[PDB]
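What follows is a set of notes on a single structure, which appears directly below.
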Amino acid sequence: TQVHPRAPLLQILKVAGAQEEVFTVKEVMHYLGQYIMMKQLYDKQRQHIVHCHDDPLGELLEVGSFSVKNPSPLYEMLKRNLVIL
Amino acid sequence: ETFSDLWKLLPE
C-alpha cells in the first residue's frame, strides 16, 4: 500500500535522504530510522530511547522522547501524517 | 544494543 506523507513528515523523510513523494510504510520506517540515526537523537547509553524534544520530529510525535520498545506514539503519528493513496 | 539493531526489530 502506497502512502503520501503530509508536508511536515515529508520534510523529515527528505532530510533523511528520501527522493520519493509516495512511499510504502516500510520505506517511511526506513527513513525515520535514518533520520534518528543521522541526527543522533537516540540516547547514547540506552539506545532504544529517542530524544526528540527541540527537533521537528518531536513536534510531529507530540512527545519529548519515546522508546523504540513502546512505539505507539510513532504509530499514532504515522496515522495522523500518512494519507493512503 | 545499538539503535540500528533495535530499530530493525520494530513491527511495521
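Naming works like this for the C-alpha cells: A, B, ... for the chains as they're shown, residue 1 at the start of each chain, ligands 1 onward in shown order.
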
Starting from chain B, keep only residues with some atom at most 8 Å from an atom of chain A, counting only C-alpha atoms, and report them as a list in words.
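Therefore, the residues near the partner are residues 1, 2, 3, 4, 6, 7, 10 and 12 of chain B.
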
Restrict the selected residues to C-alpha atoms and save them as a PDB file, in the first residue's frame.
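Written file, selection.pdb:
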ATOM      1  CA  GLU B   1      22.229  -2.981  21.846  1.00  0.00           C
ATOM      2  CA  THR B   2      22.704  -0.343  19.125  1.00  0.00           C
ATOM      3  CA  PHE B   3      19.868   1.953  17.902  1.00  0.00           C
ATOM      4  CA  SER B   4      20.193   0.484  14.419  1.00  0.00           C
ATOM      5  CA  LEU B   6      16.828  -2.061  17.812  1.00  0.00           C
ATOM      6  CA  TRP B   7      15.086  -0.088  15.047  1.00  0.00           C
ATOM      7  CA  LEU B  10      10.191  -2.595  15.014  1.00  0.00           C
ATOM      8  CA  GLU B  12       5.809  -2.398  10.676  1.00  0.00           C
TER       9      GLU B  12
END

List the neighbours of segment 62-65 of chain A out to 8 Å using only C-alpha atoms; skip same-chain residues closer than 2 positions along the sequence, and give me the result as a PDB file with N, CA, C and O atoms, in the first residue's frame.
ATOM      1  N   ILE A  49      15.979   4.470  23.585  1.00  0.00           N
ATOM      2  CA  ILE A  49      15.353   5.747  23.897  1.00  0.00           C
ATOM      3  C   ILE A  49      15.741   6.805  22.866  1.00  0.00           C
ATOM      4  O   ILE A  49      16.927   6.999  22.584  1.00  0.00           O
ATOM      5  N   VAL A  50      14.747   7.494  22.330  1.00  0.00           N
ATOM      6  CA  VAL A  50      14.959   8.532  21.315  1.00  0.00           C
ATOM      7  C   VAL A  50      14.498   9.878  21.869  1.00  0.00           C
ATOM      8  O   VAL A  50      13.316  10.048  22.213  1.00  0.00           O
ATOM      9  N   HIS A  51      15.431  10.822  21.971  1.00  0.00           N
ATOM     10  CA  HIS A  51      15.148  12.160  22.488  1.00  0.00           C
ATOM     11  C   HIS A  51      14.846  13.097  21.339  1.00  0.00           C
ATOM     12  O   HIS A  51      15.734  13.417  20.551  1.00  0.00           O
ATOM     13  N   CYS A  52      13.590  13.524  21.221  1.00  0.00           N
ATOM     14  CA  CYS A  52      13.178  14.346  20.083  1.00  0.00           C
ATOM     15  C   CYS A  52      12.625  15.725  20.469  1.00  0.00           C
ATOM     16  O   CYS A  52      12.130  16.448  19.610  1.00  0.00           O
ATOM     17  N   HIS A  53      12.750  16.102  21.738  1.00  0.00           N
ATOM     18  CA  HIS A  53      12.464  17.468  22.152  1.00  0.00           C
ATOM     19  C   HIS A  53      13.401  18.383  21.373  1.00  0.00           C
ATOM     20  O   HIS A  53      14.510  17.993  21.023  1.00  0.00           O
ATOM     21  N   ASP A  54      12.950  19.581  21.050  1.00  0.00           N
ATOM     22  CA  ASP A  54      13.778  20.504  20.280  1.00  0.00           C
ATOM     23  C   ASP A  54      14.287  19.900  18.959  1.00  0.00           C
ATOM     24  O   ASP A  54      15.406  20.182  18.529  1.00  0.00           O
ATOM     25  N   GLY A  58       9.997  15.678  17.113  1.00  0.00           N
ATOM     26  CA  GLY A  58       9.253  15.828  18.354  1.00  0.00           C
ATOM     27  C   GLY A  58       7.950  16.579  18.163  1.00  0.00           C
ATOM     28  O   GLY A  58       6.939  16.222  18.763  1.00  0.00           O
ATOM     29  N   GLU A  59       7.964  17.611  17.322  1.00  0.00           N
ATOM     30  CA  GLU A  59       6.733  18.361  17.020  1.00  0.00           C
ATOM     31  C   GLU A  59       5.664  17.441  16.415  1.00  0.00           C
ATOM     32  O   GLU A  59       4.480  17.534  16.767  1.00  0.00           O
ATOM     33  N   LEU A  60       6.072  16.539  15.520  1.00  0.00           N
ATOM     34  CA  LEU A  60       5.138  15.545  14.955  1.00  0.00           C
ATOM     35  C   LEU A  60       4.698  14.478  15.954  1.00  0.00           C
ATOM     36  O   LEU A  60       3.537  14.062  15.952  1.00  0.00           O
ATOM     37  N   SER A  67      10.330   5.435  23.414  1.00  0.00           N
ATOM     38  CA  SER A  67      11.076   4.193  23.398  1.00  0.00           C
ATOM     39  C   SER A  67      10.718   3.413  22.142  1.00  0.00           C
ATOM     40  O   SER A  67       9.534   3.262  21.819  1.00  0.00           O
ATOM     41  N   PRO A  73       3.412   6.100  20.147  1.00  0.00           N
ATOM     42  CA  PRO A  73       3.455   7.483  19.637  1.00  0.00           C
ATOM     43  C   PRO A  73       3.944   7.596  18.192  1.00  0.00           C
ATOM     44  O   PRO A  73       3.464   8.450  17.451  1.00  0.00           O
TER      45      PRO A  73
END

Find the residue from A:13, A:31, A:39, A:22 that sits nearest to residue 85 of chain A; use only C-alpha atoms when measuring.
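Looking only at the distances to residue 85 of chain A, the closest residue turns out to be A:22.
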
* To do: Just the helix (DSSP H, G or I) stuff from chain B, please, per backbone DSSP, written as a VMD selection string.
  => chain B and resid 3 to 7

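Taking atom CA of residue 2 of chain A and atom CA of residue 66 of chain A as endpoints, the distance between them is 26.0 Å.
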
What is the distance between atom CA of residue 21 of chain A and atom CA of residue 56 of chain A, in Å to one decimal?
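About the pair atom CA of residue 21 of chain A and atom CA of residue 56 of chain A: they are 18.9 Å apart.
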